[PDB]
>>> print(open('structure-v4.cif').read())   # mmCIF, C-alpha atoms and all ligand atoms
data_protein
loop_
_atom_site.group_PDB
_atom_site.id
_atom_site.type_symbol
_atom_site.label_atom_id
_atom_site.label_comp_id
_atom_site.auth_asym_id
_atom_site.auth_seq_id
_atom_site.Cartn_x
_atom_site.Cartn_y
_atom_site.Cartn_z
ATOM 1 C CA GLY K 21 -1.547 -21.016 26.093
ATOM 2 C CA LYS K 22 -1.407 -21.963 22.361
ATOM 3 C CA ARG K 23 2.328 -21.704 21.532
ATOM 4 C CA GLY K 24 4.704 -24.591 20.787
ATOM 5 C CA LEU K 25 8.307 -25.356 19.844
ATOM 6 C CA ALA K 26 8.907 -26.865 16.397
ATOM 7 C CA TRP K 27 12.050 -28.667 17.637
ATOM 8 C CA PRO K 28 14.349 -30.319 15.012
ATOM 9 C CA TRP K 29 16.362 -33.589 15.318
ATOM 10 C CA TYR K 30 19.698 -31.600 15.328
ATOM 11 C CA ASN K 31 18.776 -29.535 18.478
ATOM 12 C CA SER K 32 21.042 -31.384 21.075
ATOM 13 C CA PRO K 33 23.038 -28.106 21.665
ATOM 14 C CA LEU K 34 19.884 -26.192 22.802
ATOM 15 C CA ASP K 35 17.580 -26.081 25.869
ATOM 16 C CA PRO K 36 13.780 -25.901 25.293
ATOM 17 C CA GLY K 37 13.403 -24.513 28.927
ATOM 18 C CA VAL K 38 14.970 -21.186 27.595
ATOM 19 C CA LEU K 39 11.551 -20.398 25.906
ATOM 20 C CA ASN K 40 9.470 -21.520 28.956
ATOM 21 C CA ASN K 41 9.375 -18.738 31.625
ATOM 22 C CA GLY K 42 6.462 -20.243 33.678
ATOM 23 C CA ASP K 43 3.847 -17.681 32.322
ATOM 24 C CA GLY K 44 2.279 -20.611 30.325
ATOM 25 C CA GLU K 45 1.937 -19.199 26.782
ATOM 26 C CA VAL K 46 4.363 -21.952 25.566
ATOM 27 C CA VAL K 47 2.772 -25.395 26.276
ATOM 28 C CA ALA K 48 3.954 -27.906 23.601
ATOM 29 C CA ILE K 49 6.946 -29.239 21.660
ATOM 30 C CA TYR K 50 7.195 -31.703 18.725
ATOM 31 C CA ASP K 51 10.265 -32.928 16.768
ATOM 32 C CA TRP K 52 8.669 -34.366 13.587
ATOM 33 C CA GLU K 53 9.333 -37.854 15.152
ATOM 34 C CA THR K 54 8.010 -40.358 17.813
ATOM 35 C CA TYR K 55 11.351 -40.263 19.825
ATOM 36 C CA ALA K 56 11.768 -37.750 22.768
ATOM 37 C CA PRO K 57 13.204 -34.264 21.840
ATOM 38 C CA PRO K 58 17.046 -34.273 21.573
ATOM 39 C CA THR K 59 18.031 -31.434 24.014
ATOM 40 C CA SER K 60 21.108 -30.090 25.983
ATOM 41 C CA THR K 61 19.264 -31.269 29.207
ATOM 42 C CA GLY K 62 17.565 -34.495 27.856
ATOM 43 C CA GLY K 63 14.212 -33.026 29.113
ATOM 44 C CA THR K 64 11.589 -30.756 27.357
ATOM 45 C CA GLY K 65 11.815 -27.693 29.682
ATOM 46 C CA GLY K 66 8.340 -28.366 31.244
ATOM 47 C CA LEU K 67 6.606 -28.579 27.785
ATOM 48 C CA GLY K 68 4.218 -31.427 26.744
ATOM 49 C CA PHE K 69 5.775 -33.512 23.922
ATOM 50 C CA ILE K 70 3.516 -34.315 20.897
ATOM 51 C CA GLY K 71 4.658 -37.506 19.148
ATOM 52 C CA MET K 72 4.585 -37.323 15.380
ATOM 53 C CA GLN K 73 4.421 -40.127 12.810
ATOM 54 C CA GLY K 74 5.572 -37.750 10.044
ATOM 55 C CA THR K 75 6.209 -40.506 7.471
ATOM 56 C CA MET K 76 4.364 -43.806 6.927
ATOM 57 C CA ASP K 77 7.338 -45.694 8.442
ATOM 58 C CA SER K 78 11.012 -44.790 8.994
ATOM 59 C CA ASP K 79 14.119 -46.034 10.868
ATOM 60 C CA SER K 80 13.813 -42.976 13.234
ATOM 61 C CA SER K 81 9.975 -43.400 13.701
ATOM 62 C CA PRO K 82 9.030 -47.083 13.036
ATOM 63 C CA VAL K 83 5.207 -47.163 12.668
ATOM 64 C CA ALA K 84 5.338 -50.671 14.348
ATOM 65 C CA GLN K 85 6.440 -48.728 17.511
ATOM 66 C CA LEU K 86 3.986 -45.744 17.284
ATOM 67 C CA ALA K 87 1.444 -47.247 19.798
ATOM 68 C CA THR K 88 4.222 -48.482 22.192
ATOM 69 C CA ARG K 89 6.081 -45.098 22.060
ATOM 70 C CA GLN K 90 2.758 -43.272 22.725
ATOM 71 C CA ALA K 91 1.960 -45.480 25.772
ATOM 72 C CA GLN K 92 5.631 -45.440 27.057
ATOM 73 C CA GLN K 93 6.019 -41.594 26.696
ATOM 74 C CA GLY K 94 2.400 -40.651 27.792
ATOM 75 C CA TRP K 95 1.576 -38.254 24.848
ATOM 76 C CA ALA K 96 -1.856 -36.482 25.119
ATOM 77 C CA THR K 97 -1.739 -35.542 21.358
ATOM 78 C CA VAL K 98 -0.201 -37.146 18.237
ATOM 79 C CA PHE K 99 0.485 -35.601 14.804
ATOM 80 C CA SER K 100 0.476 -37.637 11.558
ATOM 81 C CA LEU K 101 2.107 -37.338 8.094
ATOM 82 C CA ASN K 102 4.194 -34.226 7.209
ATOM 83 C CA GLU K 103 3.109 -32.538 3.963
ATOM 84 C CA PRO K 104 1.828 -35.695 2.197
ATOM 85 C CA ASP K 105 0.327 -33.361 -0.488
ATOM 86 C CA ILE K 106 3.856 -32.699 -1.918
ATOM 87 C CA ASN K 107 5.512 -36.001 -0.703
ATOM 88 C CA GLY K 108 3.787 -38.356 -3.233
ATOM 89 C CA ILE K 109 1.026 -39.689 -0.892
ATOM 90 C CA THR K 110 -2.503 -39.782 -2.433
ATOM 91 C CA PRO K 111 -5.459 -38.799 -0.201
ATOM 92 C CA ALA K 112 -6.768 -42.442 -0.463
ATOM 93 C CA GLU K 113 -3.331 -43.762 0.601
ATOM 94 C CA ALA K 114 -3.136 -41.373 3.564
ATOM 95 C CA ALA K 115 -6.728 -42.198 4.682
ATOM 96 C CA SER K 116 -6.025 -46.012 4.583
ATOM 97 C CA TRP K 117 -2.685 -45.629 6.480
ATOM 98 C CA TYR K 118 -4.184 -43.176 9.035
ATOM 99 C CA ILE K 119 -7.113 -45.593 9.781
ATOM 100 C CA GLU K 120 -4.636 -48.562 10.190
ATOM 101 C CA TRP K 121 -1.989 -46.828 12.359
ATOM 102 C CA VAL K 122 -3.167 -43.479 13.851
ATOM 103 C CA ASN K 123 -6.925 -44.232 14.551
ATOM 104 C CA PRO K 124 -5.986 -46.755 17.311
ATOM 105 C CA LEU K 125 -4.206 -44.131 19.492
ATOM 106 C CA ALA K 126 -7.105 -43.216 21.874
ATOM 107 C CA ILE K 127 -5.713 -39.661 22.422
ATOM 108 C CA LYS K 128 -6.112 -36.282 20.596
ATOM 109 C CA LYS K 129 -5.085 -36.738 16.949
ATOM 110 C CA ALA K 130 -4.398 -34.352 14.011
ATOM 111 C CA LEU K 131 -4.877 -35.201 10.352
ATOM 112 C CA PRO K 132 -1.755 -34.766 8.264
ATOM 113 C CA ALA K 133 -0.063 -31.299 8.065
ATOM 114 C CA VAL K 134 -0.766 -29.949 4.532
ATOM 115 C CA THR K 135 1.144 -27.148 2.750
ATOM 116 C CA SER K 136 -0.444 -23.794 1.826
ATOM 117 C CA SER K 137 -0.311 -24.753 -1.901
ATOM 118 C CA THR K 138 -3.290 -23.403 -3.931
ATOM 119 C CA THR K 139 -2.691 -26.130 -6.588
ATOM 120 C CA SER K 140 -5.728 -28.409 -7.160
ATOM 121 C CA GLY K 141 -5.007 -31.719 -5.303
ATOM 122 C CA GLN K 142 -2.469 -30.097 -2.923
ATOM 123 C CA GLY K 143 -2.915 -28.104 0.295
ATOM 124 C CA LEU K 144 -6.532 -27.677 1.501
ATOM 125 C CA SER K 145 -7.800 -29.429 -1.773
ATOM 126 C CA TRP K 146 -5.719 -32.520 -0.887
ATOM 127 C CA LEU K 147 -7.061 -32.304 2.705
ATOM 128 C CA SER K 148 -10.682 -32.276 1.439
ATOM 129 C CA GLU K 149 -9.893 -35.318 -0.763
ATOM 130 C CA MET K 150 -8.465 -37.159 2.265
ATOM 131 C CA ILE K 151 -11.609 -36.365 4.364
ATOM 132 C CA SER K 152 -13.636 -37.765 1.391
ATOM 133 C CA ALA K 153 -11.429 -40.913 1.201
ATOM 134 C CA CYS K 154 -11.733 -41.351 4.994
ATOM 135 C CA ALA K 155 -15.491 -41.908 4.313
ATOM 136 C CA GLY K 156 -16.313 -41.000 7.993
ATOM 137 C CA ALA K 157 -13.920 -43.746 9.299
ATOM 138 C CA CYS K 158 -10.987 -41.478 10.337
ATOM 139 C CA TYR K 159 -10.890 -40.441 14.036
ATOM 140 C CA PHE K 160 -9.332 -36.959 14.454
ATOM 141 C CA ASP K 161 -9.618 -33.825 16.603
ATOM 142 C CA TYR K 162 -7.606 -31.359 14.462
ATOM 143 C CA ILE K 163 -6.634 -30.360 10.902
ATOM 144 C CA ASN K 164 -2.973 -29.350 10.768
ATOM 145 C CA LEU K 165 -1.825 -26.448 8.509
ATOM 146 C CA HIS K 166 1.564 -25.223 7.351
ATOM 147 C CA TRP K 167 1.835 -21.662 5.947
ATOM 148 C CA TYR K 168 4.724 -19.768 4.343
ATOM 149 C CA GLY K 169 4.104 -16.504 2.464
ATOM 150 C CA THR K 170 4.936 -12.806 2.277
ATOM 151 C CA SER K 171 2.550 -10.895 4.638
ATOM 152 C CA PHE K 172 0.409 -11.063 7.766
ATOM 153 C CA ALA K 173 -2.634 -10.074 5.619
ATOM 154 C CA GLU K 174 -2.056 -13.149 3.368
ATOM 155 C CA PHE K 175 -1.631 -15.433 6.478
ATOM 156 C CA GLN K 176 -4.857 -14.067 8.053
ATOM 157 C CA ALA K 177 -6.814 -14.616 4.785
ATOM 158 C CA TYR K 178 -5.417 -18.187 4.509
ATOM 159 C CA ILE K 179 -6.493 -19.137 8.113
ATOM 160 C CA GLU K 180 -9.917 -17.524 7.420
ATOM 161 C CA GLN K 181 -10.132 -19.500 4.145
ATOM 162 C CA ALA K 182 -9.290 -22.827 5.921
ATOM 163 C CA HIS K 183 -11.951 -21.980 8.589
ATOM 164 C CA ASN K 184 -14.576 -21.150 5.852
ATOM 165 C CA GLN K 185 -13.817 -24.464 4.032
ATOM 166 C CA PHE K 186 -13.841 -26.492 7.332
ATOM 167 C CA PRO K 187 -16.185 -24.549 9.669
ATOM 168 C CA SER K 188 -16.651 -27.401 12.302
ATOM 169 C CA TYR K 189 -12.923 -28.211 12.616
ATOM 170 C CA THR K 190 -10.236 -27.156 15.136
ATOM 171 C CA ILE K 191 -6.890 -26.084 13.633
ATOM 172 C CA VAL K 192 -3.273 -26.715 14.711
ATOM 173 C CA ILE K 193 -0.548 -24.707 12.829
ATOM 174 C CA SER K 194 2.579 -26.928 13.120
ATOM 175 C CA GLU K 195 4.788 -24.697 10.867
ATOM 176 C CA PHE K 196 4.501 -21.030 9.839
ATOM 177 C CA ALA K 197 6.825 -18.092 8.944
ATOM 178 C CA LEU K 198 7.397 -15.532 6.140
ATOM 179 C CA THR K 199 9.518 -16.615 3.128
ATOM 180 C CA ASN K 200 13.110 -15.151 2.984
ATOM 181 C CA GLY K 201 13.451 -11.308 2.944
ATOM 182 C CA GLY K 202 10.449 -10.317 5.073
ATOM 183 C CA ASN K 203 10.236 -8.821 8.544
ATOM 184 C CA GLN K 204 9.721 -12.035 10.584
ATOM 185 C CA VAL K 205 9.436 -10.180 13.929
ATOM 186 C CA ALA K 206 6.598 -7.888 12.715
ATOM 187 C CA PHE K 207 4.773 -10.892 11.145
ATOM 188 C CA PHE K 208 4.796 -12.975 14.393
ATOM 189 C CA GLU K 209 3.977 -9.822 16.448
ATOM 190 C CA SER K 210 0.689 -9.485 14.438
ATOM 191 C CA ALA K 211 0.076 -13.277 14.093
ATOM 192 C CA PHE K 212 0.271 -14.225 17.846
ATOM 193 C CA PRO K 213 -2.667 -11.993 19.046
ATOM 194 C CA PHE K 214 -4.657 -12.867 15.839
ATOM 195 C CA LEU K 215 -4.273 -16.667 16.485
ATOM 196 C CA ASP K 216 -4.699 -16.221 20.315
ATOM 197 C CA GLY K 217 -8.090 -14.535 19.462
ATOM 198 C CA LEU K 218 -9.441 -17.369 17.196
ATOM 199 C CA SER K 219 -11.535 -19.877 19.233
ATOM 200 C CA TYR K 220 -10.951 -22.607 16.551
ATOM 201 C CA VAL K 221 -7.071 -22.434 16.731
ATOM 202 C CA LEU K 222 -5.683 -24.621 19.563
ATOM 203 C CA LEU K 223 -1.852 -24.616 18.959
ATOM 204 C CA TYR K 224 0.652 -22.781 16.764
ATOM 205 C CA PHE K 225 4.335 -23.513 16.241
ATOM 206 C CA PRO K 226 6.555 -20.935 14.481
ATOM 207 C CA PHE K 227 9.061 -22.415 12.075
ATOM 208 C CA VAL K 228 11.537 -22.818 13.833
ATOM 209 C CA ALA K 229 12.735 -23.359 17.487
ATOM 210 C CA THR K 230 16.462 -23.488 16.572
ATOM 211 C CA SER K 231 19.434 -21.098 15.956
ATOM 212 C CA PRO K 232 20.602 -19.678 12.569
ATOM 213 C CA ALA K 233 23.913 -21.681 12.896
ATOM 214 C CA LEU K 234 22.049 -25.036 13.481
ATOM 215 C CA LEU K 235 19.471 -24.268 10.726
ATOM 216 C CA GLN K 236 22.314 -23.371 8.231
ATOM 217 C CA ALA K 237 24.374 -26.540 9.071
ATOM 218 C CA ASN K 238 21.445 -29.036 9.202
ATOM 219 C CA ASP K 239 18.619 -27.591 6.925
ATOM 220 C CA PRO K 240 20.246 -25.498 4.113
ATOM 221 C CA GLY K 241 16.957 -25.903 2.131
ATOM 222 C CA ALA K 242 14.898 -24.072 4.860
ATOM 223 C CA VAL K 243 17.534 -21.234 4.941
ATOM 224 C CA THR K 244 17.048 -20.831 1.130
ATOM 225 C CA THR K 245 13.198 -20.631 1.417
ATOM 226 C CA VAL K 246 12.644 -18.993 4.898
ATOM 227 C CA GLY K 247 16.069 -17.471 5.829
ATOM 228 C CA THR K 248 17.247 -17.405 9.510
ATOM 229 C CA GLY K 249 14.943 -14.476 10.657
ATOM 230 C CA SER K 250 12.265 -16.850 12.191
ATOM 231 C CA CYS K 251 14.752 -18.854 14.359
ATOM 232 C CA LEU K 252 13.530 -18.569 18.001
ATOM 233 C CA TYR K 253 17.180 -18.871 19.277
ATOM 234 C CA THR K 254 20.365 -16.822 18.813
ATOM 235 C CA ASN K 255 23.706 -18.669 18.008
ATOM 236 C CA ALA K 256 24.425 -17.941 21.736
ATOM 237 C CA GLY K 257 21.374 -20.237 22.618
ATOM 238 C CA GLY K 258 19.268 -17.317 24.042
ATOM 239 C CA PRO K 259 15.790 -16.109 22.783
ATOM 240 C CA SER K 260 16.017 -14.216 19.428
ATOM 241 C CA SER K 261 13.780 -11.152 18.664
ATOM 242 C CA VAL K 262 11.170 -13.764 17.566
ATOM 243 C CA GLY K 263 11.876 -16.036 20.617
ATOM 244 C CA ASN K 264 11.123 -13.016 22.882
ATOM 245 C CA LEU K 265 7.544 -12.902 21.466
ATOM 246 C CA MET K 266 6.924 -16.521 22.655
ATOM 247 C CA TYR K 267 6.857 -15.408 26.390
HETATM 248 O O1 LIG G 1 20.869 -37.670 16.929
HETATM 249 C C1 LIG G 1 19.547 -37.084 17.100
HETATM 250 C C2 LIG G 1 18.457 -38.081 16.740
HETATM 251 O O2 LIG G 1 18.711 -38.462 15.398
HETATM 252 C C3 LIG G 1 17.754 -39.413 14.881
HETATM 253 O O3 LIG G 1 17.971 -39.768 13.486
HETATM 254 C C4 LIG G 1 17.910 -38.610 12.669
HETATM 255 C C5 LIG G 1 16.509 -38.516 12.005
HETATM 256 O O4 LIG G 1 15.434 -38.273 12.949
HETATM 257 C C6 LIG G 1 16.569 -37.396 10.963
HETATM 258 O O5 LIG G 1 15.275 -37.310 10.341
HETATM 259 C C7 LIG G 1 14.970 -36.019 9.796
HETATM 260 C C8 LIG G 1 13.535 -35.599 10.209
HETATM 261 O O6 LIG G 1 13.462 -35.486 11.667
HETATM 262 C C9 LIG G 1 13.082 -34.346 9.383
HETATM 263 O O7 LIG G 1 11.666 -33.993 9.514
HETATM 264 O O8 LIG G 1 13.328 -34.644 7.969
HETATM 265 C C10 LIG G 1 14.740 -34.775 7.646
HETATM 266 C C11 LIG G 1 15.035 -34.766 6.141
HETATM 267 O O9 LIG G 1 14.245 -35.755 5.448
HETATM 268 C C12 LIG G 1 15.200 -36.086 8.271
HETATM 269 O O10 LIG G 1 16.578 -36.316 7.927
HETATM 270 O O11 LIG G 1 17.661 -37.614 10.042
HETATM 271 C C13 LIG G 1 18.919 -37.481 10.715
HETATM 272 C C14 LIG G 1 20.006 -37.255 9.667
HETATM 273 O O12 LIG G 1 20.430 -38.510 9.163
HETATM 274 C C15 LIG G 1 19.062 -38.696 11.653
HETATM 275 O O13 LIG G 1 20.343 -38.750 12.328
HETATM 276 C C16 LIG G 1 17.655 -40.707 15.728
HETATM 277 O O14 LIG G 1 16.635 -41.560 15.127
HETATM 278 C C17 LIG G 1 17.415 -40.364 17.221
HETATM 279 O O15 LIG G 1 17.430 -41.540 18.071
HETATM 280 C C18 LIG G 1 18.485 -39.342 17.659
HETATM 281 O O16 LIG G 1 18.276 -38.985 19.049
HETATM 282 O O1 LIG G 2 -9.652 -38.407 17.804
HETATM 283 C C1 LIG G 2 -11.049 -38.359 18.230
HETATM 284 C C2 LIG G 2 -11.101 -38.986 19.648
HETATM 285 O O2 LIG G 2 -10.496 -40.291 19.562
HETATM 286 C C3 LIG G 2 -10.651 -41.039 20.777
HETATM 287 O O3 LIG G 2 -10.221 -42.410 20.637
HETATM 288 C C4 LIG G 2 -11.070 -43.121 19.754
HETATM 289 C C5 LIG G 2 -11.992 -43.991 20.604
HETATM 290 O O4 LIG G 2 -12.840 -43.158 21.400
HETATM 291 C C6 LIG G 2 -12.881 -44.823 19.689
HETATM 292 O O5 LIG G 2 -13.669 -45.688 20.497
HETATM 293 O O6 LIG G 2 -12.071 -45.656 18.860
HETATM 294 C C7 LIG G 2 -11.211 -44.947 17.981
HETATM 295 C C8 LIG G 2 -10.554 -46.038 17.112
HETATM 296 O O7 LIG G 2 -9.526 -46.566 17.958
HETATM 297 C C9 LIG G 2 -10.268 -44.031 18.838
HETATM 298 O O8 LIG G 2 -9.491 -43.181 18.012
HETATM 299 C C10 LIG G 2 -9.896 -40.343 21.877
HETATM 300 O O9 LIG G 2 -10.102 -41.024 23.130
HETATM 301 C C11 LIG G 2 -10.326 -38.895 22.082
HETATM 302 O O10 LIG G 2 -9.432 -38.205 22.981
HETATM 303 C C12 LIG G 2 -10.334 -38.168 20.725
HETATM 304 O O11 LIG G 2 -10.866 -36.894 21.015
HETATM 305 CL CL CL G 3 -1.862 -25.330 5.029
#
>>> encode(input="structure-v4.cif", output="structure tokens")
Amino acid sequence: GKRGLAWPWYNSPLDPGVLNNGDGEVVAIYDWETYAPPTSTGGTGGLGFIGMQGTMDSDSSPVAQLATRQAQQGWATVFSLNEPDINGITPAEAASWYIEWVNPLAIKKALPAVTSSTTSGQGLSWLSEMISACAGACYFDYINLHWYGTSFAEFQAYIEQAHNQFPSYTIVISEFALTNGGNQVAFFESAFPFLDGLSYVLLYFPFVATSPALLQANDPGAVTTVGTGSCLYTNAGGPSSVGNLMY
């Protein structure tokens, strides 16, 4: 029971309960925000919502309301900043903000989702720098990885590399897929049993729990970089070839 729906803001036309068949492989949903998932039903299809303060403060996710939203919605887990390593946030800045605003939530917490960049001061390098800046004063349960690349072998080596750099830590993968042009179905088919087998991986969320039509209209940048082959829904709102693996 490690799988989750990476559920975008534009997903009002779709029903998260489509990818929940009661077998209990799919357990979680997050929407990059602290507001409840926008859905066709207005519910989360029996999945546990994970609030996310994905920027330091926004109109959609006001950090002044993070603690009140958490208490009001009953989250068991919270995610923090989305890809600060490429969004202009220094490790020291992230550590200070995380201690002020995320530390106080007395639930399960993940450090910010970092990219798979190999550039010094991005990706896992940035993450190490933030753990240094934290100076033992950050409270967290999880490190949170994104990965986009061209093969299962590369993905497997990256997760192994993160584990070798952070051997004590538990990992959440809040976004992952191949870049455009690969065989997304074969990748996820290999990745799900690999991740299900790792004791130090708690949750994974394929990019992305939407349809090709919604991804094209609302996130043309993701279509450029990933394509529409990892969408868990068809335009008809049913499970795609990738969605079918989630069950
Ligand atoms: O109508 C659905 C929902 O819309 C919310 O406002 C949204 C923002 O949440 C959205 O924010 C995007 C992030 O979720 C994503 O990670 O990054 C992108 C790109 O930077 C953001 O745009 O932006 C849209 C587009 O303007 C807004 O309409 C409301 O806050 C919410 O109450 C409402 O249910
Ligand atoms: O994220 C690690 C653990 O955080 C816990 O809450 C912390 C409190 O126990 C501690 O006393 O204070 C800090 C600062 O507010 C809290 O973050 C959670 O209760 C645990 O579930 C979590 O594993
Ligand atoms: Cl990563």
>>> residues_near_ligand(input="structure-v4.cif", ligand="ligand LIG 1 (chain G)", cutoff="10 Å", atoms="only C-alpha atoms and all ligand atoms", output="PyMOL selection string")
chain K and resi 27-32+51-59+62+72+74-75+78-82+102+238-239+241
>>> residues_near_point(input="structure-v4.cif", point="(8.1, -25.1, 26.6)", cutoff="12 Å", atoms="all atoms listed in the file", output="ChimeraX atom specification")
/K:21-27,35-50,57,63-70,225,229,263,266-267
>>> axis_aligned_box(input="structure-v4.cif", around="range 247-266 of chain K", padding_each_side="3 Å", output="AutoDock Vina command-line options")
--center_x 15.7 --center_y -15.7 --center_z 14.9 --size_x 23.5 --size_y 15.1 --size_z 24.2
>>> resolve_selection(input="structure-v4.cif", expression="the PyMOL selection byres (((chain K and resi 114) around 9) and not hetatm)", output="list in words")
residues 76, 101, 104, 109, 110, 111, 112, 113, 115, 116, 117, 118, 119, 132, 150, 153 and 154 of chain K
>>> closest_residue(input="structure-v4.cif", among="K:205, K:182, K:265, K:242", to="ligand CL 3 (chain G)", atoms="all atoms listed in the file")
K:182
